[PDB]
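Student: Here it is, the structure in full.
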Amino acid sequence: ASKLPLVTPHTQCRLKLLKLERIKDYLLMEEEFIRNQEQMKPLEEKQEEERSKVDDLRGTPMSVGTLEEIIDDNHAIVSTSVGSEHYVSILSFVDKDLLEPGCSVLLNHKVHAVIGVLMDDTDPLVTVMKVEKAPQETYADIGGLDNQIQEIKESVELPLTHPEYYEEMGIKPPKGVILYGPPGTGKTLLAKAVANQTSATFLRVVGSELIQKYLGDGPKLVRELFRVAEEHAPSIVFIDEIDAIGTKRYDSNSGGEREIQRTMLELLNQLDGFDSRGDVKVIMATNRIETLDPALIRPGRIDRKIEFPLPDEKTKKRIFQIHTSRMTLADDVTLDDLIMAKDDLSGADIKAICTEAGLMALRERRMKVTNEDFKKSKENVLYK
Amino acid sequence: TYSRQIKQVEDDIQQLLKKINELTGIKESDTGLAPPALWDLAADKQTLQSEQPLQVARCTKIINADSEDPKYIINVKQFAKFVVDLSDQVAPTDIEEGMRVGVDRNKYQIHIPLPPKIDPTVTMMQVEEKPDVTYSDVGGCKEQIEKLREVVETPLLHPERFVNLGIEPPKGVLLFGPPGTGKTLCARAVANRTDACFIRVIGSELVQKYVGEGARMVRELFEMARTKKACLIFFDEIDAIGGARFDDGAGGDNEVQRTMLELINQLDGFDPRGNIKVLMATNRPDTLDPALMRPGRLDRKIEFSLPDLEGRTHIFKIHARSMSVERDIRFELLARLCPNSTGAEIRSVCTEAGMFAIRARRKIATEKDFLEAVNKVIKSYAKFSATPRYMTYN
Amino acid sequence: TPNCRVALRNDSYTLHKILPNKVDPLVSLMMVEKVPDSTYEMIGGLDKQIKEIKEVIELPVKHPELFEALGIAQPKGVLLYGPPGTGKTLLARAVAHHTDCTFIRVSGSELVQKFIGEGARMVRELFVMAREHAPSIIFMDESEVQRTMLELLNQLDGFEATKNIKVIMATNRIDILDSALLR
Amino acid sequence: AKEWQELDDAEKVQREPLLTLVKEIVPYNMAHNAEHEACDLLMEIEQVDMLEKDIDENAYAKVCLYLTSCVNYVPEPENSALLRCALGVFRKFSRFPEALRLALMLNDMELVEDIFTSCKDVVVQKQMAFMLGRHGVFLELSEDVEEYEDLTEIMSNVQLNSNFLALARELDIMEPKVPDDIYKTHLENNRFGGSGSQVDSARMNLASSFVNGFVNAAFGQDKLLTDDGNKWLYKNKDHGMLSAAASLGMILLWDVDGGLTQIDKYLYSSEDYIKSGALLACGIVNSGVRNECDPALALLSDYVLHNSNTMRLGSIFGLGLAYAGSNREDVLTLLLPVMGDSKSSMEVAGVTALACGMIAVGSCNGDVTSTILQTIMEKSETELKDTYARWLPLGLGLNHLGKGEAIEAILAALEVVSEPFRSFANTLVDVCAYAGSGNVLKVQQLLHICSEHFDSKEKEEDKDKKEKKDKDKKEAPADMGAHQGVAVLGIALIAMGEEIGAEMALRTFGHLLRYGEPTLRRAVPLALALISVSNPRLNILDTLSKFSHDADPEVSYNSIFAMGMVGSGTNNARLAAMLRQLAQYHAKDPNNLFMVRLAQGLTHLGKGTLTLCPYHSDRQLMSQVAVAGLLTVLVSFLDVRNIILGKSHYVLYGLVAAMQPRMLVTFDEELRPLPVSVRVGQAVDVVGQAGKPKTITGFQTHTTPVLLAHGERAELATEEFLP
Amino acid sequence: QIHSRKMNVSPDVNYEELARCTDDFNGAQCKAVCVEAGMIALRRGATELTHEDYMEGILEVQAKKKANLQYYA
Ligand SMILES: Nc1ncnc2c1ncn2[C@@H]1O[C@H](COP(=O)(O)OP(=O)(O)OP(=O)(O)O)[C@@H](O)[C@H]1O
Ligand SMILES: Nc1ncnc2c1ncn2[C@@H]1O[C@H](COP(=O)(O)OP(=O)(O)OP(=O)(O)O)[C@@H](O)[C@H]1O
Ligand SMILES: Nc1ncnc2c1ncn2[C@@H]1O[C@H](COP(=O)(O)OP(=O)(O)O)[C@@H](O)[C@H]1O
Ligand SMILES: [Mg+2]
Ligand SMILES: [Mg+2]
C-alpha cells in the first residue's frame, strides 16, 4: 500500500528494471526479518491470540455513547445514552485519531471504558442534496446557444479538465457564475449538461427551500451546506431560483423579512468569507435578476454574468429538429408554419407542443403524428 | 525487448508485498479497531492495569462548600444532590465552588477537579490556523493600515512605549465602507501577522432558535477570552446582530436586541474585560446603534473609501505581477478608465483579460486584451455595479 | 432484516429470536390520515375525466414501452381543478388503487413529521420512502402547497433517476396560482 | 550507436545509454571512449538530456559502475560542450569515489578556463562553505590582482554577504532583535485545567536558556536580554553554567567581527564551567571563517590550563568545530597528544576523537593509530559503558567517510579483531564509508548477520548501532529508498521488535529527513502520545524531542503544544521539562536558516554529516540528559549553510530578481520543450525563502546564463538579442 | 482635565478653549480626545503635549469624511 510512487521512465529501460529489483530486496529482507519473530518467539499465533485477548477484554454487551471532549492521556469525559456522563478511560486498541467531539463510540458494559469507535451512518440530508447519477443527454441536446455553452465550460469544465492553461498564464479561474433570462429559455437545461459531463460531486438546492419556519434555522442550513460541499471533493454547488428567497413571503416563517435578511448575510459570508475556501465552484440561476441584493453580485462572489435571450427564429428551427428527432413524424407537417406561431415562444413551448401532439395520437392509437395534431396542439398549449 | 520480462517481475513482487503483509496483521478492515502492531503496550500489562485497578469516577458539579468542615454540596445531571468528602490524593484548595469534579460510584467522594464546559459551538470559532494574506497585498490604503496597525498589534508587540508615557491605548475599532473595498481582506492580514488568539465571529451565527440562547453565547465567548492573557476578537457583518432599538406595537425583532445589549455590557462598565481588543467590520454603519458607536467601545472609525488614482495603479501592480504579460503595456492608462471602481473589480479585470489570451491561442496578454476586458467588466456589467446605492450607505 | 424487532436475553445481551414485522412508517402515516379508499364503481358520471387520467398515469406504468414507440418524454405531473365537492380526492384515490400504487398524500402536518425525519429541513426527504415503494403517487390538496409542488417538480425533472413517481395537485380557482407553475 | 542519433533525433537518444551500458558493463570506458568522441561531434543541443539521463543512471549503480560511469560523465560539458560551470558542484560527485586528485585535477581545470570572471566567480563560490573548504592555498599564484584575489572574497567576504543576509535583508522581512515569544506561546496551560503557577522545576531553566539561545541565530545579538542566562550563570547548575555560556556562540553565529568581544564581558569569572563554555563558544562564532582567530592563540591557552574538569574538556571541542572544514595537519598534531596523553579524564578522551574526526576524512592513518592504542589500553581491560562506544569509534568513521571501495572495511575490521564489545566498532567504519549510493548487497549484510537472535541483553547496543548504520543509505538515493525504508521500519522494528524498535529505531526519521511530510510525521506520534510508560520511558521521550528535530517550521505546534499540555502533570518535569521545550524551540529556531539536510544543488552532500552524526550517536540512551550530553545537546550540528537562493550578486548588487518558486520537477524524457515544474502560482523578486522541494526559474529574457543547474549565488548576467 | 492627569502636559493648554472647540460631545468623547492626543505625540516622538495635539485629536473623534474640499471661501 503506497509503497513507491515513482513510475516516471515508462519504457523498457534498465532503470525500471533496477528500481523494482531494489524494492524486491526491500520486501524479502523485510519478510525474512519478520519471519524470524515466530521462529524464535512463537509465543502466540497472532492471527487470533492477540485478537481473542482483545475480544475477551471487550464485553459482549457493548453500549453506545457520545464523545464531548478528550484529555489525551487516554481518558475522556464521555456521555452515556441516557444523559449521565462519566470520566472513563480509553484503551490502546482504540486508534486514538478518529475521535471528534460528537462521534458515536462503543463503551464497556462494566466500567464503561471506551473500547472502540463506531462508523457513523450518515446522512439523511447529504443524500438529499447529492445528485446520484448523471441526469440526461449531452451538450448536443441543447442547440442554438453556442456562445455561453463555451462560457460555462470556460469557468467550470475547462478549469477542471485542463489545469495547465491557467498556470502557463499564471492566473486563477473566475469564481462565480450566474445565469439569468426570461422563464423557459434553458437555464435549468444547461445545468444538467454540466452534471452530465463533470467528474466532480454536484450539489443542488432550490432557493425556495432556503427559508425555514424556526428562528435561526435558515442560516444554520447554509453553514452546513458549504460544510458538505467542502468536505467531499472539487465540487459544484448549484443554487436555482434564488430570487424566490425575497419575493414570496410565507406565513410559516416566524421571523419576517428580517429573517430572510439574516440568512442572506450568511450566504453572503460563505461565498467570499475570510476562511480558506477550497475548490468549490458556485453556479446560480434566476429569472428576476433585478430584485436581489447587489452586494451578492459583486465581483469576488460572482464573476461571470450570463444572459439568456429568447430563441431566435433560426435557432427555433434547430429546437424542433431536436424534440422531433426520435418520433415517427408523418410527412404532412411543415415545421416552418409552427415557428412563427407565437412571436416569442420559448424553448419550453416547443417541447410543450411536441409532447402534447404525441398525446393526441394515442387517443386514436396511431403511430405517426399528422398535421391536425399540431393544429389543435397549440390551441391546447398556448391559447387559454 | 524484455517486454513481459520486466512486467511479470514487477507484477509478482507487487503481489508478494501483499502476500506476506497479510501474514503480519494490518488486515481485517475494522469497525473501529486499531492497527494490530500498535496496541501491544496494553496487551497484557495495561489491560489489567488501566481496567482492573482503575475506576469509573462519574462527574458532577459542586454547589457550595461550608465552614468548619469539608461537607461539600454536590450536584449531578438528573439525580439528587449529595453531601460528599474529598480523597487523600487532593488538597481542599482547588475544590472551589461551582466546579466540575469526578466522583466514584459507591462512596460518592471527590477525586479530581475538571476543566469547565466550553460549549462547543464557541470552540469551532477559534481560528487555530493562519491565512496567507500579507500587508503587501493591501496596497492603496497605506494610511488606513497604519492607523489600524497602531491599535491592534503595537500595544501587544511593545507594551512599554505606552505605559511609561502613562496612556491607556484604545481598544475597539470598526472598519466600514462600500462592499468589495478591502475590509475582510485587511482583516486577514492582521490574523496573519499577530500572535495572540484570534477568535472570529460572524454576526449571523448568534441568531438562535430559543429565547436568550444567543445572549449566553456572548458570555462563553467573553469568559474564555478573559482567561487568555491577550485575545483578539473579530466581528464580521454586525448589521445582523443589531441595528437599533425601535420597538413599536407588536414586539418584532425584540429577541435580537437583547443579544445586542449583552454584547454592550461585556464591553463597558463593572470590572471590565481587561486585555481584550475587538474589531468590527460592517457594510452599512448608519443602521448601527448610538450606544454601540460610543467610544470606549468602538474608538477608531477607519474609513475604506475608493482608491483615488495611485491606489488604483498600485492594485493593478499587485494582481498582475504574477501573470504572463506583454512587457510594454502601461497600467496608468488603465486606471484612468476606472473612475469609481473597487479593488475587487480590478482583480476581476486582470483575471478576465488573461482569459482572452486563452480564448484564441496565445501565451501572453496584450494591451488590447486589457481593453477588451475593461469595457466588459466596467461598462458592460455596469447594470449591476453594486456601489452607487452603497456609497450613500442605504 | 434491517428495521426488524428481536428478542434479547439480558445477562449477556445475546440475540434470542426474531420478533416479527412491526410496521412500516409509511403504513402508519396513511393510517393517521385515513383517506377514503375508493374505486371506479363509486364514480358518479365522470366518464371523460377517467379517460383523461388514465392516459397520463395508467398507461406509463403498465406500458412504458408505448411512449418509446412515439419517442416522447413520459409525463410526470397532473393538475386537477374544479369547485370543491366534485370528486377530486376520490378520483385520485381510484387511479392509485386500480394500478397498485402507494397513494401517498402530504399535508405538511406535524404528527406526520415524526415518520419522515427528525427535522426534515427540506421537503425532499419524503422521496426516501417514495423510492422504496417505487410505483408511488404523491398527492397534494389545495400558499404553502404551491411552494411544495415546485420543490417536487424540480427534483423529478431529470435529477431524479427512479421512474414511476408522479405528483398530483388538486385545487380550485386556477387563475390565482403561481405563474412559475403556469410555465 | 550513431544510428540512434541519425534517423530522427527522438527520445531514442537515451537508448544509446541503453546500448553503451549493456555492452561491457564493467569496462564501460572502452565503449564510452568510442562514444565520447562520437558525441563530441554529434550535437550541442542533444547534450543536456543525455547528460541528465547519465546522472539519472549515476544516482545509484554498482560500485565499479559508479566508479566508471561518473568519470565518463565529466568531459561531456568540457569536450563536446563548454557549459563548464557545473564542474565543481557535480564533480564533488566525482571527488571521493574515483580519486581525490581527480577533482583536484578538475580544480586545476577550474583554474585553466580563466574566462573571464562571471562563471569564474560562481564556480568557486561553493568551494568555501557549500560542499567543502580546504581550498584556500591554491589561489595565491602569480596573478594576485583580482582574479586570484577572489579567494579572500571567496573565504569571508561573501560569507560576510551571508552575514549581510541577516544584517540587512532579514531585519527587513520580519525579524526583531528579540522575538522571544515562543516562551510566551506557552500560554494557556494555567487556564487549561484549573489553575497554574505549579511547574517550579530547576531543569526547566535549562530549556529557559533557549528562550535566549535558539531564537537568536542570524544576528540575534542581545544586550541585557541574556539576563535569564546571566542570573542563572551565577545561581546553580554547573553544566548549565556551561550551557548559558555556549548559547552565546549561537547568538553571534558566522561572525569574526565582534564575537570575541562579546565573550570577554562574561568570560572573566574564574570558573571552570563559565569559561570553558564561553571559550567553547569561541569556536562556534568563527565556524566557517577559518581566518586568524586562534590557530593556537586562545583555545590552546584554554587547553594548557588543564589539571581538572572542562578546561581540559571544553577547549578541544571548539577548535575541531571551527576547523572542521580545515585539513590543517599542524594543530591536528597539536591535539594528537590529547589522545596520546593517557590521562584518565575519560569524557575528555571520548570527545578527542570526536574533535579530530571532524577535521579530516581522508589520510593521516596515525590518527587511526592514535585512537586504537588508547582503545586497547582502556576498553580491553573493562566491559563497561557506551561512553567508550558512542565516542571513540565515532571519529574513525569520520576519518574514513564516503567511499564504497570496501578497502577501509578490510583495514579497520581486521584492526580491532577483539571481543564483540570492542567489536561494537565492526559496523562503525563499515558503513560510515558508505553514505550515499546503491549497494543493497551491503544492506543484506547490515541485517542478516544479527537480525534478532533474542540476545539476552548482550549486543542490543550493537544491533541498535547496526540499525544506526541503516539510517544512512536512505537520505540520498534521491527518494528511492526513502519510501522503501518507512515501509520497512514501521512493520519490522517498532511494530514487531523487542529492543531495537521500541528503544532506538525511531532515530532513522531524524536522519531520513528534516523535510516534513505527513506519511511519517503522522506515523510517529502514534508511538508518542501513547507514551509506553512501561519501558524506560525516556526512550520514547528521547523520540519526543528528536521528532521535533525537523526544521522548516510548520503547523506542528499543534502536535507539540497538545503534548506540552499533557506533558505538565504527566510525563514529568523532573526529567523532561528541559526536553519538551527543547522540542518546542527547535523547529522555529529563527524563521529562516534551516538547510541542514545534506542535499545541495540537486543532491550532493556538503557534510554536514560530520557535525550532525555525533549527536544521533549521543542519545544512546540515558544519563546524558543531565551531565555529559549537555556538551552535545546544545551545539552539536552547526553546519547551517543557511537558507535562500534569491540573491542577485551583480557587481553593484542593485538588481533584485525575477523569480518564480515551484514544486520539484518531474521530467525524465518527455516532449520538447520539456515542462520543468508546475506550482507557478507563487512569483517573487527578492530574498524570500527556499523551502522543501523548490525549483526556482526566471523570465524577462534575462537568460540566467550563469550556471543553469541550481546553486543559490547566480551572478545573474543579462542579454537581450531577442527582439 | 481629569483624564489629562497621568500625561505629561505642557502649560500651554487652555481647557476653557478646549471645552469650547469641543461642542456636542459627551463624557466618553471628551475622554476619547485625551487618549488620541496622547498617541499623536508618540507618532512624532514628542514627550509633552501641546495645544494642537488636542486639536488634532478632536478631528479623529468626530470621524469626518475627507473629500478634497478646499474650494470654499
Ligand atoms: N434553447 C433550448 N433548446 C432546447 N430545448 C430547450 C431550450 N430551452 C428550453 N428547452 C426545453 O425547455 C425545458 C425547460 O427549460 P428550463 O426549465 O431549463 O428553462 P428555465 O429558463 O430554466 O425555466 P425556469 O426559468 O422556469 O427555471 C427543457 O427541458 C428543454 O428541453
Ligand atoms: N486595496 C486592495 N488591494 C488588493 N486587493 C483588493 C483591495 N480591495 C479589495 N481587493 C480584493 O477584494 C477581495 C476582498 O474583498 P473584501 O471581502 O475585503 O470586501 P469587503 O470590503 O469585505 O466587502 P464585503 O463585506 O462585501 O466582502 C479580494 O479578492 C481582494 O483581492
Ligand atoms: N362525482 C361523484 N360521484 C360520487 N360521489 C361523489 C362525487 N363527487 C363527490 N362525491 C362525494 O364527495 C366525497 C369526496 O369529496 P371530494 O368531492 O373528492 O372532495 P374534493 O372537493 O376534493 O373533490 C365522497 O364522500 C363522495 O361520496
Ligand atoms: Mg428552469
Ligand atoms: Mg467582506
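Ligands are numbered from 1 in the order shown, chains are lettered A, B, ... in the order of the C-alpha cells, and residues start at 1 in each chain.
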Within 12 Å of ligand 3, counting only C-alpha atoms and all ligand atoms: which residues, as a ChimeraX atom specification?

Tutor: /C:35-50,80-94,139-142,169-172

Student: Could those selected residues go to a file with N, CA, C and O atoms, as a compact mmCIF listing (two decimals), in the first residue's frame?

Tutor:
# COMPACT_ATOMS: atom_id res chain seq x y z
N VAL C 35 -57.43 8.29 4.31
CA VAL C 35 -58.08 8.71 3.07
C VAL C 35 -59.25 7.77 2.77
O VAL C 35 -59.19 6.57 3.09
N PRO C 36 -60.34 8.27 2.21
CA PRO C 36 -61.49 7.42 1.91
C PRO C 36 -61.26 6.54 0.71
O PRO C 36 -61.46 7.00 -0.42
N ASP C 37 -60.73 5.33 0.94
CA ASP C 37 -60.46 4.32 -0.09
C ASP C 37 -61.65 4.11 -1.01
O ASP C 37 -62.75 3.78 -0.55
N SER C 38 -61.43 4.32 -2.30
CA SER C 38 -62.47 4.36 -3.31
C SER C 38 -62.12 3.45 -4.48
O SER C 38 -61.11 2.75 -4.48
N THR C 39 -62.98 3.48 -5.50
CA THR C 39 -62.84 2.63 -6.67
C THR C 39 -63.59 3.26 -7.83
O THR C 39 -64.28 4.27 -7.67
N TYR C 40 -63.48 2.65 -9.01
CA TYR C 40 -64.24 3.16 -10.14
C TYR C 40 -65.73 2.92 -10.00
O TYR C 40 -66.52 3.67 -10.58
N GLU C 41 -66.14 1.91 -9.24
CA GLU C 41 -67.53 1.52 -9.11
C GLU C 41 -68.37 2.52 -8.32
O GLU C 41 -69.60 2.43 -8.36
N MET C 42 -67.74 3.47 -7.64
CA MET C 42 -68.48 4.52 -6.94
C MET C 42 -68.26 5.89 -7.57
O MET C 42 -68.44 6.91 -6.91
N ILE C 43 -67.88 5.93 -8.84
CA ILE C 43 -67.71 7.18 -9.56
C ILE C 43 -69.03 7.53 -10.22
O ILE C 43 -69.53 6.77 -11.06
N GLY C 44 -69.58 8.68 -9.88
CA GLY C 44 -70.83 9.09 -10.50
C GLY C 44 -70.66 10.07 -11.63
O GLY C 44 -70.51 11.27 -11.39
N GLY C 45 -70.70 9.58 -12.87
CA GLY C 45 -70.77 10.42 -14.05
C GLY C 45 -69.56 11.29 -14.34
O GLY C 45 -69.68 12.51 -14.42
N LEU C 46 -68.40 10.68 -14.49
CA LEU C 46 -67.17 11.38 -14.84
C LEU C 46 -66.39 10.59 -15.87
O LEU C 46 -65.18 10.41 -15.76
N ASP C 47 -67.09 10.10 -16.90
CA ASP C 47 -66.50 9.13 -17.82
C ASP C 47 -65.38 9.71 -18.66
O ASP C 47 -64.42 9.00 -18.98
N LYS C 48 -65.45 10.99 -19.00
CA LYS C 48 -64.39 11.54 -19.83
C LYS C 48 -63.16 11.89 -19.02
O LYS C 48 -62.04 11.82 -19.55
N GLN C 49 -63.31 12.24 -17.75
CA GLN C 49 -62.14 12.53 -16.94
C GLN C 49 -61.40 11.26 -16.56
O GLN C 49 -60.19 11.29 -16.34
N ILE C 50 -62.12 10.14 -16.47
CA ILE C 50 -61.47 8.85 -16.26
C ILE C 50 -60.61 8.49 -17.46
O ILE C 50 -59.49 7.98 -17.30
N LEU C 80 -55.49 18.81 -11.14
CA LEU C 80 -56.93 18.61 -11.11
C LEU C 80 -57.60 19.85 -10.55
O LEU C 80 -57.18 20.36 -9.51
N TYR C 81 -58.64 20.34 -11.21
CA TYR C 81 -59.26 21.56 -10.73
C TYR C 81 -60.75 21.58 -11.02
O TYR C 81 -61.25 20.88 -11.90
N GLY C 82 -61.44 22.43 -10.26
CA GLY C 82 -62.88 22.50 -10.27
C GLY C 82 -63.37 22.98 -8.91
O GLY C 82 -62.58 23.15 -7.99
N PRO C 83 -64.67 23.23 -8.77
CA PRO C 83 -65.22 23.62 -7.47
C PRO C 83 -65.13 22.49 -6.47
O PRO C 83 -65.05 21.32 -6.87
N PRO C 84 -65.13 22.78 -5.17
CA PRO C 84 -64.93 21.72 -4.18
C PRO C 84 -66.16 20.83 -4.05
O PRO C 84 -67.29 21.27 -4.29
N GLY C 85 -65.93 19.59 -3.66
CA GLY C 85 -67.00 18.63 -3.52
C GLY C 85 -67.43 17.97 -4.80
O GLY C 85 -68.58 17.52 -4.89
N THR C 86 -66.56 17.91 -5.80
CA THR C 86 -66.91 17.33 -7.09
C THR C 86 -66.10 16.09 -7.41
O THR C 86 -66.19 15.57 -8.53
N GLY C 87 -65.30 15.61 -6.47
CA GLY C 87 -64.66 14.33 -6.65
C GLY C 87 -63.20 14.35 -7.04
O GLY C 87 -62.74 13.49 -7.79
N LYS C 88 -62.45 15.31 -6.52
CA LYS C 88 -61.03 15.35 -6.81
C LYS C 88 -60.27 14.27 -6.06
O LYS C 88 -59.39 13.62 -6.62
N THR C 89 -60.61 14.07 -4.79
CA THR C 89 -59.86 13.15 -3.95
C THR C 89 -60.15 11.70 -4.31
O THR C 89 -59.24 10.88 -4.41
N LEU C 90 -61.43 11.38 -4.51
CA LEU C 90 -61.82 10.01 -4.81
C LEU C 90 -61.33 9.56 -6.18
O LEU C 90 -61.07 8.37 -6.38
N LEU C 91 -61.21 10.48 -7.14
CA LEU C 91 -60.72 10.08 -8.44
C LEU C 91 -59.22 9.80 -8.38
O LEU C 91 -58.75 8.83 -8.98
N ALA C 92 -58.48 10.61 -7.64
CA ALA C 92 -57.07 10.34 -7.43
C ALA C 92 -56.87 9.09 -6.59
O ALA C 92 -55.89 8.36 -6.79
N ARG C 93 -57.77 8.83 -5.64
CA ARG C 93 -57.65 7.61 -4.86
C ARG C 93 -58.01 6.39 -5.69
O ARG C 93 -57.46 5.30 -5.46
N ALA C 94 -58.88 6.56 -6.68
CA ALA C 94 -59.27 5.43 -7.52
C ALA C 94 -58.13 4.98 -8.41
O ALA C 94 -57.88 3.77 -8.54
N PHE C 139 -49.68 12.99 -3.61
CA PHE C 139 -50.91 13.76 -3.76
C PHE C 139 -50.84 14.99 -2.87
O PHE C 139 -50.24 14.95 -1.80
N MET C 140 -51.46 16.08 -3.33
CA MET C 140 -51.49 17.32 -2.57
C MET C 140 -52.85 17.97 -2.68
O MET C 140 -53.46 17.98 -3.76
N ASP C 141 -53.33 18.51 -1.58
CA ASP C 141 -54.61 19.20 -1.55
C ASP C 141 -54.36 20.67 -1.92
O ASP C 141 -53.29 21.01 -2.43
N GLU C 142 -55.34 21.54 -1.68
CA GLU C 142 -55.29 22.94 -2.09
C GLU C 142 -54.17 23.73 -1.45
O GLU C 142 -54.00 24.91 -1.75
N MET C 169 -51.70 17.58 -8.05
CA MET C 169 -52.19 18.69 -7.24
C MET C 169 -53.67 18.88 -7.50
O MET C 169 -54.11 18.86 -8.65
N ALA C 170 -54.43 19.06 -6.43
CA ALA C 170 -55.86 19.32 -6.54
C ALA C 170 -56.17 20.62 -5.83
O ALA C 170 -56.02 20.71 -4.61
N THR C 171 -56.61 21.62 -6.58
CA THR C 171 -57.06 22.87 -6.00
C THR C 171 -58.10 23.49 -6.91
O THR C 171 -58.24 23.11 -8.07
N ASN C 172 -58.85 24.43 -6.37
CA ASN C 172 -59.79 25.21 -7.16
C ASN C 172 -59.14 26.52 -7.60
O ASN C 172 -58.07 26.89 -7.10

Student: Using only C-alpha atoms and all ligand atoms, determine which residues fall within 9 Å of ligand 1, then list them as a count of residues only.

Tutor: 46

Student: Within 8 Å of ligand 5, which residues show up when you count only C-alpha atoms and all ligand atoms? List them as a PyMOL selection string, please.

Tutor: (chain A and resi 269+272-274) or (chain B and resi 179-180+182-185+236-237+283)

Student: Selection from above, N, CA, C and O atoms, as a PDB file, in the first residue's frame, can you write it?

Tutor:
ATOM      1  N   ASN A 269     -21.615  35.557   3.435  1.00  0.00           N
ATOM      2  CA  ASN A 269     -20.351  35.126   4.012  1.00  0.00           C
ATOM      3  C   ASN A 269     -19.751  33.969   3.239  1.00  0.00           C
ATOM      4  O   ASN A 269     -18.576  34.009   2.882  1.00  0.00           O
ATOM      5  N   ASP A 272     -17.693  34.679  -0.143  1.00  0.00           N
ATOM      6  CA  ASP A 272     -16.435  35.410  -0.047  1.00  0.00           C
ATOM      7  C   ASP A 272     -16.141  35.770   1.405  1.00  0.00           C
ATOM      8  O   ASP A 272     -15.971  36.932   1.766  1.00  0.00           O
ATOM      9  N   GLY A 273     -16.139  34.777   2.275  1.00  0.00           N
ATOM     10  CA  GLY A 273     -15.617  34.978   3.605  1.00  0.00           C
ATOM     11  C   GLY A 273     -14.110  35.041   3.610  1.00  0.00           C
ATOM     12  O   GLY A 273     -13.429  34.973   2.587  1.00  0.00           O
ATOM     13  N   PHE A 274     -13.580  35.167   4.809  1.00  0.00           N
ATOM     14  CA  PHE A 274     -12.148  35.201   5.025  1.00  0.00           C
ATOM     15  C   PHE A 274     -11.557  33.819   5.213  1.00  0.00           C
ATOM     16  O   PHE A 274     -10.332  33.690   5.268  1.00  0.00           O
TER      17      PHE A 274
ATOM     18  N   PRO B 179     -19.013  47.715  -0.334  1.00  0.00           N
ATOM     19  CA  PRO B 179     -18.556  46.329  -0.436  1.00  0.00           C
ATOM     20  C   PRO B 179     -17.465  46.151  -1.473  1.00  0.00           C
ATOM     21  O   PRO B 179     -17.320  46.942  -2.405  1.00  0.00           O
ATOM     22  N   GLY B 180     -16.695  45.085  -1.294  1.00  0.00           N
ATOM     23  CA  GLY B 180     -15.598  44.804  -2.191  1.00  0.00           C
ATOM     24  C   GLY B 180     -14.451  45.771  -2.077  1.00  0.00           C
ATOM     25  O   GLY B 180     -13.679  45.917  -3.025  1.00  0.00           O
ATOM     26  N   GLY B 182     -12.110  46.055   0.740  1.00  0.00           N
ATOM     27  CA  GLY B 182     -10.891  45.559   1.340  1.00  0.00           C
ATOM     28  C   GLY B 182     -10.992  45.334   2.829  1.00  0.00           C
ATOM     29  O   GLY B 182      -9.976  45.139   3.494  1.00  0.00           O
ATOM     30  N   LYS B 183     -12.212  45.363   3.360  1.00  0.00           N
ATOM     31  CA  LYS B 183     -12.410  45.228   4.797  1.00  0.00           C
ATOM     32  C   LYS B 183     -12.066  43.826   5.268  1.00  0.00           C
ATOM     33  O   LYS B 183     -11.221  43.648   6.150  1.00  0.00           O
ATOM     34  N   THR B 184     -12.699  42.816   4.676  1.00  0.00           N
ATOM     35  CA  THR B 184     -12.404  41.439   5.035  1.00  0.00           C
ATOM     36  C   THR B 184     -11.003  41.045   4.591  1.00  0.00           C
ATOM     37  O   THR B 184     -10.367  40.206   5.228  1.00  0.00           O
ATOM     38  N   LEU B 185     -10.502  41.673   3.526  1.00  0.00           N
ATOM     39  CA  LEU B 185      -9.138  41.423   3.073  1.00  0.00           C
ATOM     40  C   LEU B 185      -8.122  41.940   4.076  1.00  0.00           C
ATOM     41  O   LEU B 185      -7.111  41.282   4.337  1.00  0.00           O
ATOM     42  N   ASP B 236     -17.743  40.118  12.292  1.00  0.00           N
ATOM     43  CA  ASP B 236     -17.975  40.373  10.883  1.00  0.00           C
ATOM     44  C   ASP B 236     -19.466  40.433  10.603  1.00  0.00           C
ATOM     45  O   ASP B 236     -20.225  39.588  11.088  1.00  0.00           O
ATOM     46  N   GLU B 237     -19.862  41.440   9.818  1.00  0.00           N
ATOM     47  CA  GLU B 237     -21.243  41.682   9.391  1.00  0.00           C
ATOM     48  C   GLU B 237     -22.173  41.857  10.589  1.00  0.00           C
ATOM     49  O   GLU B 237     -23.083  41.069  10.832  1.00  0.00           O
ATOM     50  N   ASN B 283     -20.894  46.871   6.692  1.00  0.00           N
ATOM     51  CA  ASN B 283     -21.149  47.264   5.322  1.00  0.00           C
ATOM     52  C   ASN B 283     -21.977  48.530   5.265  1.00  0.00           C
ATOM     53  O   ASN B 283     -21.839  49.326   4.335  1.00  0.00           O
TER      54      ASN B 283
END

Student: Would you mind listing, as a list in words, all residues of chain D that have at least one atom within 6 Å of chain B, where only C-alpha atoms are what counts?

Tutor: residues 193, 194, 495 and 683 of chain D

Student: Report as a list in words all protein, DNA and RNA residues lying within 10 Å of stretch 58-73 of chain E, evaluated on only C-alpha atoms, omitting residues in the same chain fewer than 5 positions from it.

Tutor: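 Answer for this query is residues 295, 299, 300, 301, 302, 303 and 305 of chain B; 18, 21, 22, 25, 29, 30, 32, 33, 34, 36, 37, 52 and 53 of chain E.
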
Student: Report the distance between atom CA of residue D:160 and atom CA of residue D:128 in Å, rounded to one decimal place.

Tutor: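 Atom CA of residue D:128 lies at a distance of 12.5 Å from atom CA of residue D:160.
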
Student: Mind the document's chain letters and residue numbers, and return as a list in words the residues of chain C that DSSP labels strand (DSSP E).

Tutor: residues 5, 6, 7, 8, 15, 16, 17, 18, 19, 77, 78, 79, 80, 102, 103, 104, 105, 106, 136, 137, 138, 139, 140, 165, 166, 167, 168, 169 and 170 of chain C

Student: List all protein, DNA and RNA residues that have at least one atom no more than 9 Å from any atom of ligand 2, counting only C-alpha atoms and all ligand atoms, and write them as a count of residues only.

Tutor: 53

Student: From stretch 22-65 of chain E, collect each residue whose DSSP state is helix (DSSP H, G or I) and return the set as a VMD selection string.

Tutor: chain E and resid 27 to 43 51 to 61

Student: Quick one: residues within 12 Å of residue D:161, only C-alpha atoms counted, chain neighbours fewer than 5 positions away excluded, as a list in words?

Tutor: residues 125, 153, 154, 155, 156, 166, 167, 168, 169, 254, 255, 642, 647, 648, 649, 653 and 713 of chain D

Student: Which polymer residues have any atom within 8 Å of an atom of residue D:584, counting only C-alpha atoms, with same-chain residues fewer than 3 positions away left out, as a list in words?

Tutor: residues 545, 548, 557, 560, 561, 580, 581, 587 and 588 of chain D

Student: Which value, in Å to one decimal, gives the distance between atom CA of residue B:57 and atom CA of residue B:102?

Tutor: 5.2 Å
